[PDB]
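The structure file target-v5.txt is reproduced below (compact mmCIF, C-alpha atoms and all ligand atoms).
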# COMPACT_ATOMS: atom_id res chain seq x y z
CA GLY A 1 15.20 -5.47 28.64
CA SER A 2 12.66 -3.59 26.54
CA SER A 3 13.67 -4.02 22.90
CA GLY A 4 11.61 -2.57 20.06
CA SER A 5 8.18 -0.94 20.23
CA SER A 6 5.30 -2.52 18.32
CA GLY A 7 2.35 -0.44 17.16
CA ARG A 8 -0.95 -1.66 15.75
CA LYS A 9 -4.39 -0.12 16.27
CA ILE A 10 -7.64 -0.18 14.29
CA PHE A 11 -7.86 3.60 14.05
CA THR A 12 -6.18 4.59 10.79
CA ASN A 13 -4.29 3.08 7.85
CA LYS A 14 -0.79 3.71 6.49
CA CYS A 15 -0.10 4.44 2.82
CA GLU A 16 2.43 2.12 1.19
CA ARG A 17 3.74 4.88 -1.08
CA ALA A 18 7.38 5.99 -1.17
CA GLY A 19 8.09 9.05 0.95
CA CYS A 20 4.43 9.18 1.98
CA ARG A 21 2.88 9.36 5.45
CA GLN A 22 -0.80 9.90 4.62
CA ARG A 23 -3.27 8.31 7.03
CA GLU A 24 -6.70 7.72 5.51
CA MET A 25 -9.39 7.16 8.14
CA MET A 26 -10.62 4.37 5.87
CA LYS A 27 -8.60 1.54 4.32
CA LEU A 28 -7.76 1.85 0.62
CA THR A 29 -6.22 -1.10 -1.22
CA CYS A 30 -5.31 -1.08 -4.91
CA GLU A 31 -7.02 -3.43 -7.37
CA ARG A 32 -3.89 -4.32 -9.33
CA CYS A 33 -1.12 -4.57 -6.72
CA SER A 34 -3.56 -4.93 -3.82
CA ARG A 35 -1.61 -2.59 -1.54
CA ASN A 36 -2.69 0.08 0.94
CA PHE A 37 -2.46 3.71 -0.16
CA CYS A 38 -3.90 7.20 0.33
CA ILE A 39 -6.75 8.68 -1.71
CA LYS A 40 -4.01 10.70 -3.42
CA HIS A 41 -2.01 7.58 -4.30
CA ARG A 42 -5.09 5.35 -4.30
CA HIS A 43 -5.30 5.52 -8.10
CA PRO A 44 -2.93 3.34 -10.16
CA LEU A 45 -2.10 6.50 -12.11
CA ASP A 46 -0.81 8.57 -9.19
CA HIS A 47 1.29 5.73 -7.77
CA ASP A 48 3.92 3.35 -9.13
CA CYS A 49 1.61 0.35 -9.49
CA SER A 50 3.65 -2.86 -9.48
CA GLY A 51 0.82 -5.38 -9.40
CA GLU A 52 -0.45 -6.93 -12.62
CA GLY A 53 2.32 -5.80 -14.96
CA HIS A 54 5.51 -7.74 -14.28
CA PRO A 55 5.62 -11.10 -16.11
CA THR A 56 6.51 -14.03 -13.85
CA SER A 57 6.71 -17.79 -14.39
CA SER A 58 7.83 -20.70 -12.22
CA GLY A 59 11.32 -21.84 -13.17
CA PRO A 60 14.10 -22.03 -10.56
CA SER A 61 13.82 -24.23 -7.47
CA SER A 62 16.00 -22.30 -5.02
CA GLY A 63 14.50 -19.40 -3.09
ZN ZN B 101 0.23 8.12 -0.10
ZN ZN B 102 -1.47 -0.42 -7.60

Please render this file's structure as structure tokens.
Amino acid sequence: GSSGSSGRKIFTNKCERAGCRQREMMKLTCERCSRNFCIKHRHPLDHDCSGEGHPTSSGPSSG
């Protein structure tokens, strides 16, 4: 039985911004978080950039 419908085509990109459905003909990835976004949210100032900002260091083993 048909379960789930996959969709992937090299035509347009999909912004990774919250409550955003902007499709930029060209691919736009941030330089800090390295995530896809729309020209509008392409800048790290018009989008909650969570790339190079949160301090992380190896500690726990589990995970
Ligand atoms: Zn966007
Ligand atoms: Zn970013």

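Based on all atoms listed in the file, the protein and nucleic acid residues found within 12 Å of ligand ZN 102 (chain B) are, by chain and then by number, residues 15, 16, 17, 28, 29, 30, 31, 32, 33, 34, 35, 36, 37, 38, 41, 42, 43, 44, 45, 46, 47, 48, 49, 50, 51, 52 and 53 of chain A.
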
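Reported to one decimal place, the separation of CA of residue 63 (chain A) from CA of residue 4 (chain A) is 28.8 Å.
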
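Compared by their closest atoms to ligand ZN 101 (chain B), and using all atoms listed in the file, the residues A:20, A:25, A:58, A:5 rank with A:20 nearest.
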